[PDB]
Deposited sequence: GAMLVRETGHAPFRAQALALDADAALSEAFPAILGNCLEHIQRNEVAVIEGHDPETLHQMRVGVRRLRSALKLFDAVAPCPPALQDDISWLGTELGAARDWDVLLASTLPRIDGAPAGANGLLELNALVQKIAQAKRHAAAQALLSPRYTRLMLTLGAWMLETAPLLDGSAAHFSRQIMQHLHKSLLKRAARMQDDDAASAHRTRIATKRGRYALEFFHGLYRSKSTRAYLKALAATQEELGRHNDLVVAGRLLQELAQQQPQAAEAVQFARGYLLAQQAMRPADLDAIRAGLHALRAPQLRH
């Protein structure tokens, strides 16, 4: 309520088992979602919604790496996708209003800003209703119950599991950054998600790896995510405004002006792959300690 909740720092023991790490990682993800509930329902704060959306993304990536040892039931995965879409739609409209539209310097953009704010507030109300619905509360309860049941069934230490995942994710990131080509949406998106997956996994198994080696690895990853995410916000804005033009034909002139400005920003300032390649060419897989 009122205050935004950021993901709690998870410091796992070096000698900790997989049966101890799995409920600690997923529990941290569920807490990150739960502690933002009230503020997303009652308020309109963008950071509280941002933190809840990130929490859902962190949970989905955690279930993806744990999929081999503990596969999540398909019914829960459908509800996680529903929750991600509901909070995601509200987040997309908030990014457009606070970050994508203000960087646009023809005079009819004031009424467009009022229309976008109206949609963003309505999407926040729609997200609030999704959280108050029994579908959400049942999902959080069923996920927690499944987490605790599957936890003692896992074999080996956390260090043995993390090294296999970290080797695959570093291999996946470097491969996608090399296969990456200019003006290709599919390759740029694959690199951005490999950057997110790698950042989350290293934050989950934080107390298992070297303090100064991971800090430099996370810095190079966060910089790559910031660059590819900047170009991604521009293409999402163009998609959201084109959808708004079809539903609201009255503000179409103001929409097309904003769409024209953003389409040019995509061509004039594309995702600087050369700076990304130079930022990731030196990176070595973080070693256990």
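> Which parts of the deposited sequence have no C-alpha atoms in the model?
In sequence order, the gaps with no modelled C-alpha are 1-8, 114-118, 303.
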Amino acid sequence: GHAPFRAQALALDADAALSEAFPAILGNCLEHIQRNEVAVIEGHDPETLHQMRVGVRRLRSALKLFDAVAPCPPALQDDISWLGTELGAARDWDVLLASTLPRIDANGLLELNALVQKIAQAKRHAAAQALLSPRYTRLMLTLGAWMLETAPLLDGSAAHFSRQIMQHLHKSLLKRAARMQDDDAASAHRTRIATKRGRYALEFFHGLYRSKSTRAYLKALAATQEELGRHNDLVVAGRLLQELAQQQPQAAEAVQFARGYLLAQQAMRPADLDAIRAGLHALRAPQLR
From here on, numbers count along this sequence of modelled residues.
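> Do the C-alpha atoms of 199-207 or of 177-185 have the higher average B factor in the entry?
Result of the comparison: 177-185.
> Mean CA temperature factor from the deposited coordinates, higher in 149-157 or in 77-85?
So the stretch with the higher mean C-alpha B-factor is 149-157.
> According to the PDB entry, is the CA B factor of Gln247 in the bottom, middle or top third of its chain, that is, lowest, middle or highest?
For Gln247, the deposited C-alpha B-factor lands in the highest third.
> Going by the CA temperature factor in the PDB record, which third of the chain does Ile25 belong to: lowest, middle or highest?
As the PDB entry reports it, the C-alpha B-factor of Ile25 lands in the lowest third of its chain.
> Can you work out whether the C-alpha temperature factor of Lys212 puts it in the lowest, middle or highest third of the chain?
Answer is highest: the recorded C-alpha B-factor places it there.
> Relative to the other modelled residues in the chain, which third contains the C-alpha temperature factor of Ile104: lowest, middle or highest?
Top third by C-alpha B-factor.
> Can you tell me whether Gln121 has a C-alpha B-factor in the lowest, middle or highest third compared with the other modelled residues of the same chain?
CA B-factor rank for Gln121: lowest third.
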